[PDB]
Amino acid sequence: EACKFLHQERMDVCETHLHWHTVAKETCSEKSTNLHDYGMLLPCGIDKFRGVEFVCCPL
């Protein structure tokens, strides 16, 4: 098994870095992996974003 690169965004709300970090971490954990690294997508407002891409690696 290698690491998996994933992209998740949404179109209904803008959210902070903390939210997107949480999403990335929890998505990796749902897939039986650990988050290694991530980057937000689609900056919005003064301090928010509309998604995250991220790399989940084997436990």
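Rigid core (definition): largest C-alpha set, two forms, superposition within 1.5 Å. In this text, residue numbers run from 1 along the sequence as written.
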Divergent stretch in 5 other deposited structures of this protein, 41-49 or 17-25 [C-alpha RMS, superposed by the core]: 41-49
Ordered by C-alpha B-factor within the chain, which third holds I46? Give me lowest, middle or highest, please. highest
Quick tally, chain-level thirds of C-alpha B-factors: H17 sits in the lowest
Name the third of the chain's ranked CA B-factors that contains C3, choosing lowest, middle or highest. middle
Chain-wide C-alpha B factor ranking for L59, given as lowest, middle or highest third: highest
